[PDB]
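Visitor: The structure that follows is given in the form of structure tokens.
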Amino acid sequence: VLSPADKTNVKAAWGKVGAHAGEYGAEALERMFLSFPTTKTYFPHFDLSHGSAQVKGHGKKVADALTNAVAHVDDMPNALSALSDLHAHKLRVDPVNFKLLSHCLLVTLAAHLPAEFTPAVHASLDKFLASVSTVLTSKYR
Amino acid sequence: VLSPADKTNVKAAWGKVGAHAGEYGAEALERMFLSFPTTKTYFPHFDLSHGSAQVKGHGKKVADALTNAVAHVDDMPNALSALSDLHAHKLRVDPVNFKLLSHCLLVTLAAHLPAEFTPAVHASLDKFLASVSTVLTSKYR
Amino acid sequence: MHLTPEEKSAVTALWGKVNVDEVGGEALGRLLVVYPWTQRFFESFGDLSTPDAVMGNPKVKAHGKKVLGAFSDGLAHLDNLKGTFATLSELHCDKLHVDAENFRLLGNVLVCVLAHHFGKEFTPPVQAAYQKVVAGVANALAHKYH
Amino acid sequence: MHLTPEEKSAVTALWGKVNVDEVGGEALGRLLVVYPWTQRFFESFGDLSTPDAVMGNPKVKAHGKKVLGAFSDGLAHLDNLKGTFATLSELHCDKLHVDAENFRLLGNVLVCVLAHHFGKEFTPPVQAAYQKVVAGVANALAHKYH
Ligand code: HEM
Ligand code: HEM
Ligand code: HEM
Ligand code: HEM
């Protein structure tokens, strides 16, 4: 469970993301494609080349949902319900890939918020991503 | 999330186990140690040799907790509070390991309850060990 | 593989008593029932709405014998799973888009099927050697992903 | 360990820039902070009660530097990590009783630490190289477990 401390940390770090969420979401995807190629099997239909607008468009979408879970940090299961349904019923991404993206998301933030990416912040953001992932995978079976 | 069919399936399967839960606890431990030797790092003070009384006793203990869990399948978080504690603050077993013992438990059940280990029951027991895993690692951080 | 001759002989010997038809149909179906999300690859198979409909589906039963078929042959090249599965590895990546993690799900399922079947015969030590084989196969199968 | 020539040059070029005393201390402290359960091995290190107490613990700092020292040496023998790392693998197994999963947790943390420090320099493609590297080492460190 996220503590008050965690919640403050996340709101604050995501807070600085601001207007870069989109680009940071794209970057995290690309990192994930390059380091864990199996993840690519879910995007056969995408142009995965560097600067792909498809990727661009998609990272914005992922970032917007993270942004909505931060906005609803106290009711994530309900704010992400719909995305949780999509993933479980249509996309059916194996659960292990959630951990892969979270990881590239943390690398991305680390690379862009040196000043905010503190140990305490790092810990909270990891816990958070883990909670998002848990929600999005909750109705798998 | 355990459905009512799941709970039935679980109480059913485990009902069959009966007075053998202890032996099955011990057998499951024994298959984990052999198959995933990294798991042994958590038991340096034990005699991990086949038929070891340390292993047997411990097998009983785990089996007993599983029982209590089947009995409070509607209220796990509460039935296993203490255990969740011990694990999060004393033992501190890495979470990856819960999945290894769970698998060795299916494998053990399967080999012993041929008639009962149907596909639907396999699916339920899996979900169940997973839920128990989740509870036991919920207070880790 | 990094199998002990003793481990090689145990794998080898149990395999000998295996009905690939029955075991392959059962491994894949259990797969589709325990881990519902792997059905994403088999939409064309029909009705997989229930355990029963999965276990009964002939396309499933038949895909399962094709898979275990191939697995079975890999057991004869245990000293080079890599080269045995290179073509199948590219296929799965480049044509089928199957996430390599599925290779691992199946293996665990296979081991549960073998225990199911062989009861007593499927001892901790025997299980230990099959775990090494499933892992190796999954690894060889994922080897060519890019 | 499939390090392409260009992947090896990239690993090595960046590692050229690292202050191992520093990176060593940051990676280990962060490990104890993000995955507090790993604190199980360091009860002799004193106060690890809060982020500051860990990150600043002279003992954590000293151990991190040691750990990363062994790791940099690993980086000069990318060729033979298994051999490079064999007495260490045995020690961690047999003496320290350290679950191998710990080696993969640190790798990931280390990767976050490197991104933290190099910023934009830790390109997507440089991360993928390092990802291969930390896995190679984790594997090498677990090779002697039994
Ligand atoms: C925390 C993690 C994740 C978040 C927040 C997230 C969120 C989203 C969102 C908002 C969409 C678009 C749905 C729409 O059309 O409105 C989406 C689609 C999708 N996601 Fe997820 N997702 C996550 C994890 C993953 C992972 C790990 C994978 C696989 C590696 C994945 C694979 C997909 C795919 C294949 C689509 C459909 C894309 C398309 O066809 O345009 N997702 N996700
Ligand atoms: C299905 C999940 C599990 C259950 C229900 C379970 C249950 C238990 C129980 C009932 C105890 C005894 C408490 C007491 O002594 O009063 C225990 C202790 C312990 N468990 Fe867990 N356990 C589980 C998973 C694991 C795993 C996966 C590991 C590591 C591989 C592990 C490591 C330990 C250790 C090292 C002890 C202490 C043994 C001793 O010193 O006697 N547990 N566990
Ligand atoms: C033991 C691991 C596996 C082996 C040895 C294996 C082997 C095979 C073989 C021999 C084929 C025949 C196709 C051809 O030659 O054109 C095949 C096809 C296929 N496999 Fe795999 N497979 C394995 C695991 C999986 C898993 C776990 C999945 C998904 C859950 C999967 C999905 C598929 C699909 C969708 C096809 C295409 C069948 C068709 O054309 O309808 N495989 N596999
Ligand atoms: C890159 C991975 C690692 C490397 C290269 C490494 C290297 C080392 C070295 C060189 C030593 C000292 C050898 C000696 O005492 O004779 C050591 C000791 C130790 N390592 Fe590792 N290590 C690694 C990962 C880890 C992790 C992740 C943990 C725990 C989470 C760990 C736990 C320990 C412990 C507890 C000691 C002994 C400390 C003491 O003196 O009390 N190591 N390691």
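For chain C, we keep the numbers from Swiss-Prot: what you see runs 2-147, in order.
Per the header of the entry, the method used was X-ray crystallography, 2.1 Å.
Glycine residues also receive a Cβ, built from the backbone N, Cα and C atoms like all the rest.
Features from Swiss-Prot:
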CARBOHYD  C:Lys9  glycation site
MOD_RES   C:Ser10  phosphoserine
MOD_RES   C:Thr13  phosphothreonine
CARBOHYD  C:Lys18  glycation site
MOD_RES   C:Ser45  phosphoserine
MOD_RES   C:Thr51  phosphothreonine
MOD_RES   C:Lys60  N6-acetyllysine
SITE      C:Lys60  site 'Not glycated'
BINDING   C:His64, C:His93  heme b binding site
CARBOHYD  C:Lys67  glycation site
MOD_RES   C:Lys83  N6-acetyllysine
SITE      C:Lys83  site 'Not glycated'
MOD_RES   C:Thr88  phosphothreonine
MOD_RES   C:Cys94  S-nitrosocysteine
SITE      C:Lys96  site 'Not glycated'
CARBOHYD  C:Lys121  glycation site
MOD_RES   C:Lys145  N6-acetyllysine
CARBOHYD  C:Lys145  glycation site
Visitor: Quick one: which of the recorded positions (C:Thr13, C:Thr51, C:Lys67, C:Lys83) have their CB closer than 6 Å to ligand 3?
Guide: C:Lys67
Visitor: Out of C:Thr51, C:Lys67, C:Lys83, C:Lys121, point to the one nearest the residue listed as 'S-nitrosocysteine' in space (Cα versus Cα); all of them are recorded positions in the record.
Guide: C:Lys83
Visitor: Can you grab the distance from C:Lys145 (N6-acetyllysine) over to C:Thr88 (phosphothreonine)? Cα atoms, rounded to a whole Å.
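Guide: Just about 9 Å between their Cα atoms.
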Visitor: Mind pulling out which recorded positions among C:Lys18, C:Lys60, C:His93, C:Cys94, C:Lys121 sit under 8 Å from chain B, Cβ to Cβ?
Guide: C:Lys121
Visitor: Which of C:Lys60, C:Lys67, C:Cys94, C:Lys96 (recorded positions) reach within a Cβ distance of under 8 Å of chain A?
Guide: C:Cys94
Visitor: Roughly how many Å separate the Cα of C:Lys83 (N6-acetyllysine) from that of C:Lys60 (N6-acetyllysine), to the nearest whole number?
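Guide: C:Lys83 (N6-acetyllysine) and C:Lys60 (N6-acetyllysine) have their Cα atoms 28 Å apart.
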Visitor: Of the recorded positions C:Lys9, C:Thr13, C:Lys121, which sits closest to C:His64 (heme b binding site) by Cα distance?
Guide: C:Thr13
Visitor: If you measure C:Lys67 (glycation site) to C:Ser45 (phosphoserine) at Cα, how many Å is it?
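Guide: Checking the Cα atoms of C:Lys67 (glycation site) and C:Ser45 (phosphoserine) gives a distance of 16 Å.
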Visitor: Determine the most Cβ-crowded residue among the recorded positions C:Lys60, C:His93, using a 10 Å radius around each Cβ and all protein chains in the structure.
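Guide: Answer returned by the neighbour count: C:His93.
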Visitor: Looking at the recorded positions C:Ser45, C:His93, C:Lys121, whose Cα is closest in space to that of C:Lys9 (glycation site)?
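Guide: Of the recorded positions C:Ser45, C:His93, C:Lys121, C:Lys121 has its Cα closest to that of C:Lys9 (glycation site).
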Visitor: Compared by Cα position, which of the recorded positions C:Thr51, C:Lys60, C:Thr88, C:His93, C:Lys96 is the closest one to C:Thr13 (phosphothreonine)?
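Guide: So, of the listed recorded positions, the one sitting closest to C:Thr13 (phosphothreonine) is C:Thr88.
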Visitor: Does C:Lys18 (glycation site) have same-chain partners at least 6 apart in sequence with Cβ under 8 Å from its own Cβ, and which are they?
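Guide: Sequence-distant Cβ neighbours: C:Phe119.
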Visitor: So among C:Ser45, C:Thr88, C:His93, C:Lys96, all listed as recorded positions, which is physically nearest to C:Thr51 (phosphothreonine)? Use the C-alpha atoms.
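Guide: Nearest in space to C:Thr51 (phosphothreonine), counting only the recorded positions, is C:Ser45.
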Visitor: Where does C:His64 (heme b binding site) sit by DSSP, helix, strand or coil?
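Guide: The residue in question, C:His64 (heme b binding site), is helix (DSSP, three-state).
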